[PDB]
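Student: Part one of the assembly, not moved from where it sits:
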Amino acid sequence: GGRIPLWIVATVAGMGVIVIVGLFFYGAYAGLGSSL
Amino acid sequence: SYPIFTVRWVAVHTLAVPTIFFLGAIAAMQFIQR
Amino acid sequence: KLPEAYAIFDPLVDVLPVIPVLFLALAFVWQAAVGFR
Amino acid sequence: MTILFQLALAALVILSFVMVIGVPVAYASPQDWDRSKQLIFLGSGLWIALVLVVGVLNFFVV
Amino acid sequence: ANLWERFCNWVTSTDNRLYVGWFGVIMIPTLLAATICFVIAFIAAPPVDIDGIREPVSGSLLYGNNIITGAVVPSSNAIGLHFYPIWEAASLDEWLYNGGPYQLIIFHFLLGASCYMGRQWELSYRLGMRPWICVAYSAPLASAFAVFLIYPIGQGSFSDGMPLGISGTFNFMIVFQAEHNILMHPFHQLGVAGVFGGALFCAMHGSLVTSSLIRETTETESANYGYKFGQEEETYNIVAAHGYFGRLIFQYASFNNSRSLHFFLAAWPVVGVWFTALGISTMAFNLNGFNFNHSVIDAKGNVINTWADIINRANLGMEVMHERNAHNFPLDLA
Amino acid sequence: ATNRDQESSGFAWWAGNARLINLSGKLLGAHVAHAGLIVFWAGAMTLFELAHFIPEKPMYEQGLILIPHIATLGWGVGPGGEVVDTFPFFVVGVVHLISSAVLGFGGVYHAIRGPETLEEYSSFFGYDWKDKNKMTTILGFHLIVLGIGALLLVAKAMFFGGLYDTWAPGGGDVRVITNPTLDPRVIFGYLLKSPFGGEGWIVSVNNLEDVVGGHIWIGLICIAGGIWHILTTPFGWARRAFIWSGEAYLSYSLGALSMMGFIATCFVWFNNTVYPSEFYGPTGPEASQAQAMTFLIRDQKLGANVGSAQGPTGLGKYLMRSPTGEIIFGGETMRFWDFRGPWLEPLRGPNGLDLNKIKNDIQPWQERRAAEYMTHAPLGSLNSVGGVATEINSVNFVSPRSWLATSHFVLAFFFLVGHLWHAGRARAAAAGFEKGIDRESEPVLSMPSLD
Amino acid sequence: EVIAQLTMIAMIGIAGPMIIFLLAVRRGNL
Amino acid sequence: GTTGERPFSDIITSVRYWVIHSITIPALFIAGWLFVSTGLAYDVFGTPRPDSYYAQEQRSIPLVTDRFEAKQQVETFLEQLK
């Protein structure tokens, strides 16, 4: 009911998307879809 | 003294669970080689 | 290539140039800390 | 001394790293302003010296 | 008092039906010279060797055009980026042939329009207003600089600037897609979002304020007569509009602050159109849109076409037809 | 509660850096920490480019913007712009990045610990935005540091190794400058040249004597002005023309930066002297000209008489006249005939391209350069597919000139926008309606109807 | 190899939020 | 005002929340990973794998050409792959 401070979940959440997204960019250069 | 299962509840999960599921699928895809 | 002395440092040299952008991200984490007062 | 070079180089790195974190916290925690004046002053001289030591050694290995 | 001071106080008078101002002093003659040259060239100008190849394009009404095919045609590729005032020509006849009016029109116009922008600042200063209207107009001004000035600079020729005509504009759009895959540039996708969203939010704000007008008329009269100019009060119920819109979606997807709402309306198109002007301006230096041509391939290495390969086939048809007599060598590098 | 919230400073969080307008020490901390980020990047980025560098590939095939700035200054490079010692790059790298730490340490100390306002700690460092005499003086010191800075380039070129001269014979070479140009007829004639085609204002500067001489004049000018302002206060007329406020000074500099960004964009696009194609790749014009030469050469070897070969429009297929008669390459490249480059100037005579030299004196190195430069023309996709937009994937390339010209046009534009935003606001803030129209005295209401 | 790259930036990146985290514990002057 | 649900700030800061969602999220993620790693997405939806677009020696596409014989056309094309 307020036991974890919001700003922590934000940074955590934030870094979580940042990683899934980076991954999709790495994949644009590897394997399927990389023209290679 | 709120409810935990509301209409709102159903709405978020109709979207939010296929999303995570879809995302792991899309992760695994980055690793497929031709 | 770096000079061969510094080859164990290549992968840190790879990540260094992005550090400026984190200063901007860190500003926002900080205003979340203080709640945008 | 192919090894003592890097040795001092990592010391710079693990120290910069210590200092990157320590100096801001030390500066804005009101508690130990006087207990820490020492720490950063020593770290700083230690940092500078480390840069120079790595500086001179590079001209034996590169 | 002294004559220089009577004059200054007239230039800057907030009593003139139309404000002059110091930006006004440059804006007025230059827009007049562009307007008069443009009108006269559109009706009467003779054909113009746009591509420098002695193949003149007829742009004017009297040489067989209509409103929709007519244009003032860009200046010769043989001129490139050289300055070509009327006084550099051996004769008006030479100036017309090689595209001179285009230079006259766009220079006087870019200038007069830039001062238009400043004049908006100026009047807002004299009225005691906040000053940033002129910042919203910088988005369309930027866009004009891009198609008339920046893109010709990167490419080496005013001949590759946007023509001043309805069909010439389309010509320009198709050639750009072939040479720059502008549809596949994010900055243009940002501009579309800018203008689709702009129109969307226009209809919304329009429909939402209008949805909540206070009954101050009967059914036999325009509801517009329920607003009296400079009335102390507001004529719609923003609380009522919020309660409608917050329910259409959910409560916090809706604005309840008027200032925050209107700033949103200003910023959305302005930003996006900054991006697309930046889009034309950076593709002026051949930093082009994404290229996924043959990007998927199978185990063997056959190409598996995607929709981007279908886009490139269209692009290619534009490529090989455009300016069909003007290339001698295999690559079209500007 | 020391400002630092919307309720004391009058600004929200999204504009909280405006909470520092009248806190000089905390504001000093911000400028030094930021400078530390600038030096950090100069440092980080050079060592990245070094680590990824392969001396066998051209610089312009490897995504390098900073290392070519170092080669141009004459370090690390041999005849032909061939790299012959990487160590100087590494140095430039480590000094900046180390240096960034004493800046970083300095800014974070001044922004957190030190005095928030300097004007009680020492009457020399503290300042009021509105002290016309203190603001000319700070500008004066900085003017002198700038003029010193220009003189360092002079020192590098005349005393400490020279600079890369793409125009040097034998293909280009580092070289020491000993007759800087000082004639102001030359040095300021650049300034009165038209920015239009075939003139190019100061972008046309094409020899290092001219370049070095210009930095002698500007160095001495800036020192002179630095002194001027340290001893003067602004005159009656100047005080009346300007707004004297922290924000207005900021708006003037954004103007200045914006204008400079646009100039830079055009330097890297068109100038192949201080941005030599050895390092930055060919210019757009250079690439287009190169293609016409490649195919002139090829067909001339087959037996084509290239001076009389009439193409489809009636203009020469290989050669035609510009509008003032010069002999120039044909096809669409007719727009580019202002191009001047060390690989091509040898075929030039007084009337332009000389046909006996075309028939006879094309050396293999030019055929190599022309082919190299036409196949590295500054066109490619945002995801670094090289070529025209209809090209298939394969070549991973975007010219440094494209990266540099796009990035700095974008930055130039948003900084002009910043000029207007802050300039107009400074006007409003000083006249006192930046926060809105006062209902009790709405000005328009005291005016007479237009009709 | 590239895991080298990931661990460094994971550490540099975690370094920022830490300072802020440490400074709220000690009720330092944010 | 408040329709009466539990505020989101109150939930996603609550521990109970993350107790449950520490497990459920990554569980879903992996399930969707496993849905593709098993290769099962290919046969559910009919999507070719990189070795199933063409037969070894063909460069024409299996374009469906009959409205009612369409199911059959596709099946007979997946046989010419073995």
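Tutor: Here it is on my side, so go on. Numbers count the residues shown, from 1 in each chain, chains lettered A, B, ... in the order given.
Student: from chain D, which residue is nearest to chain B?
Tutor: residue D:17 (31.0 Å; CB to the nearest CB). (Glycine included, C-beta is placed from N, CA and C.)
Student: How about the contacts made by that residue?
Tutor: G:11, G:15 (CB atoms under 8 Å, 6 or more residues apart in numbering or on different chains).
Student: secondary structure element for it?
Tutor: Assigned by DSSP states H and E, residue D:17 belongs to helix D:2-28.
Student: where's that helix relative to the chain centroid, distance-wise?
Tutor: 4 Å (CA atoms, centre = their mean, to the nearest Å).
Student: Contacts for stretch E:139-152, please.
Tutor: E:81, E:106, E:109-110, E:113-114, E:116-117, E:158-162, E:172, E:269-271, E:273-274, E:276-278, E:280-281, E:283-284, F:409, F:413.
Student: How much space separates residue E:182 from residue E:167?
Tutor: Going from residue E:182 to residue E:167 by CB to CB, to the nearest Å gives 19 Å.
Student: which of the two has more neighbours?
Tutor: residue E:182 (21 against 15; other CB atoms under 10 Å in any protein chain shown).
Student: Pretty sure that one sits against residue E:286.
Tutor: No. Look at residue E:182 against residue E:286 with CB atoms under 8 Å: they stay out of range, at 11.9 Å.
Student: Residues of chain A that sit close to chain E?
Tutor: A:32-36 (CB under 8 Å from any CB of the partner chain).
Student: Neighbour count and distance to residue C:24 added to those residues, as a markdown table?
Tutor: Listed next are the residues of chain A next to chain E as a markdown table, based on neighbours: other CB atoms under 10 Å in any protein chain shown; distance: CB to CB, whole Å:
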| residue | neighbour count | distance to residue C:24 |
| --- | --- | --- |
| A:32 | 19 | 33 |
| A:33 | 18 | 30 |
| A:34 | 15 | 30 |
| A:35 | 18 | 33 |
| A:36 | 14 | 34 |
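Student: to the structure above, add chain I:
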Amino acid sequence: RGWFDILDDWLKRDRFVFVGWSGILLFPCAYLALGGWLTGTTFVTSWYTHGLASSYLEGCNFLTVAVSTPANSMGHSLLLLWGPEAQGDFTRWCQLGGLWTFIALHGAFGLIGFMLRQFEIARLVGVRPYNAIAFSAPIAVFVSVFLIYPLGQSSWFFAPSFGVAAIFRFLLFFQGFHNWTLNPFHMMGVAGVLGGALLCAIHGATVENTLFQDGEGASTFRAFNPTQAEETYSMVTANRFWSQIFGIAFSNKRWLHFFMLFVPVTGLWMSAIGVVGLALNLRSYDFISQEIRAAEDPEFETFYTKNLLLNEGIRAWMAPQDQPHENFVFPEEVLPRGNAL
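Tutor: Placed with the earlier chains, chain I looks like this:
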């Protein structure tokens, strides 16, 4: 209280996300439009309908994935799962293009539900339904582009495919085959959209730069109270500003926001109409007077003729891949090309 009245009380309850009767049409059709897109751009090919990849699973990125239209051989079939083409085979339905109709038809009833939803909420709150009326213009577009246009052609093949780059493909097809840019009804559409964006920007900026000073901080957002009676900016100073800058200005605030609805809503309606025409190949493609002249005078050139030559190159370079079912074989030597390129 009848059971009908009890079910009505519950649907019209004030919750976080209001439901209503409209909801019963709305949430399932919308949810399933969405999901069929997400599902098909993630996992489904267009190999048997189009000869294309189209999912993430195949290695497409966000710009090139699509739920692609059915092959031309299907006609205008509804392509029901239990229909005679796929015969209850889910997998076969995906490969034949049934996700496309699934999305199209659940989408279209989806939008219906949304418009009813604007009617239902406006009535319960008590306001004029002008927003519902404005929402007619997106419906006219979606219907005109996605349903009418293909029903007038040979099949659903030629409708738009649901995809970023696939839509770019549609755009360029419409230029090369229909000469859509020359059509008066799109021109009106263009004017309405760009005029909408204009109205949107200029009105926001006007209001933001005519605010009265009603608080004391430099953020001006915190000087507005939604229940305040007083206009937050000055209509009188805005009028004088634009009267003297532009020569005219708004004076009536109701007309000003009514005009804002009108302009973009009417642009979209006009473009819809022209597209209905294009369902029939009823194009504005040519100007007869210019072709007659052009045909007789080889020195007559205009930007209209230049553009037609471009159109011609698009048609021939793109059709063989674009409409694989026609088995178009164009030898190198018939391909139109200018010099060198």
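Student: Could you re-examine the contacts of residue D:17 with chain I now present?
Tutor: Counting by CB under 8 Å, 6+ apart, the residues that residue D:17 touches are G:11, G:15.
Student: how close does it get to chain H?
Tutor: 30 Å (CB to the nearest CB, to the nearest Å).
Student: can you pull the contacts of the residue nearest the centre of chain G?
Tutor: For chain G, the residue nearest the mean C-alpha position is residue G:15 (1.8 Å; CA atoms, centre = their mean). Each residue near residue G:15 by CB under 8 Å, 6+ apart is listed here: D:17, D:20-21.
Student: Just the buried positions in the helix or strand following the helix holding residue D:17, please.
Tutor: The helix or strand immediately downstream of helix D:2-28 is helix D:33-58, counting by DSSP H and E. Using 16 or more other CB atoms under 10 Å in any protein chain shown as the test for burial, helix D:33-58 gives D:36, D:40, D:43, D:47, D:50, D:53-54, D:57-58.
Student: looking just at contacts, which helices and strands does helix D:33-58 meet?
Tutor: With contacts taken as 3 or more CB pairs under 8 Å, 6 or more residues apart in numbering or on different chains; DSSP states H and E, helix D:33-58 sits against helix D:2-28, helix F:87-112.
Student: That one to helix F:87-112, inter-axis angle?
Tutor: 180 degrees (axes from the mean of the first three to the mean of the last three CA atoms, to 10 degrees).
Student: Just want the angle from helix D:33-58 to helix D:2-28.
Tutor: Using the same axes, to 10 degrees: helix D:33-58 against helix D:2-28 is 160 degrees.
Student: So which residues of chain C form helices?
Tutor: C:10-15, C:19-34 (DSSP state H).
Student: wait, chain I
Tutor: With DSSP H as the criterion, chain I has helices spanning I:3-11, I:22-43, I:47-50, I:90-96, I:98-125, I:130-134, I:136-143, I:149-152, I:164-178, I:184-208, I:235-246, I:253-278, I:288-296, I:303-322.
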